[PDB]
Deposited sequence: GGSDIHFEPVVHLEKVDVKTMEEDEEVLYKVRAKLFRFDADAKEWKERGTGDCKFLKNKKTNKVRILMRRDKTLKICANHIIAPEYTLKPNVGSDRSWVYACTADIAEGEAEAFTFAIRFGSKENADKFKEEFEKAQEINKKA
């Protein structure tokens, strides 16, 4: 005989899409980027709750972390056919649950419509 020498595991990926996230600075009436990377819909296996978790490329810093609440509503932006605007009341990407007016943009209108489709499917999952 010879002797020899992230807290995302409990979840399932429902949807994944590349996107650029914006937050609305109301006091400046100006959109500000928050991050660019993969946006994922993560379903908890122990609660069946679906959330959005988005990380920036390279640094992998969280730029979005909130439940896809059934009360939220995706609105079009005046200057884009590949984006959605919606109010978020509890995002913990940067500490305490803060309220945000978010805008998320995609590579194509196809990706945006598909995002809207998955986003709504996820809402009905959280409804139960």
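Not built in the structure, per the record, are deposited positions 1-5, 11-19, 143.
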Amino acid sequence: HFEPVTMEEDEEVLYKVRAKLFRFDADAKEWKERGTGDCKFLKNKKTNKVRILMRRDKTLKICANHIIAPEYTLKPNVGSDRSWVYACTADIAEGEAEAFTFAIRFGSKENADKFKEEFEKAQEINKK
From here on, numbers count along this sequence of modelled residues.
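In the other compared entries of this protein that model both flanking residues, residue 123 has coordinates in every one, well short of a third left out. Mean C-alpha B-factor is higher over 92-100 than over the other stretch, the pair under comparison being 34-42 and 92-100.
With 17-25 and 114-122 compared on mean CA B-factor from the PDB entry, the stretch scoring higher is 114-122. When all modelled residues of the chain are sorted by CA temperature factor, residue 83 is found within the lowest third. Per the deposited record, the Cα B-factor of residue 66 falls in the middle third when ranked against the other modelled residues of its chain. When all modelled residues of the chain are sorted by CA temperature factor, residue 49 is found within the highest third.
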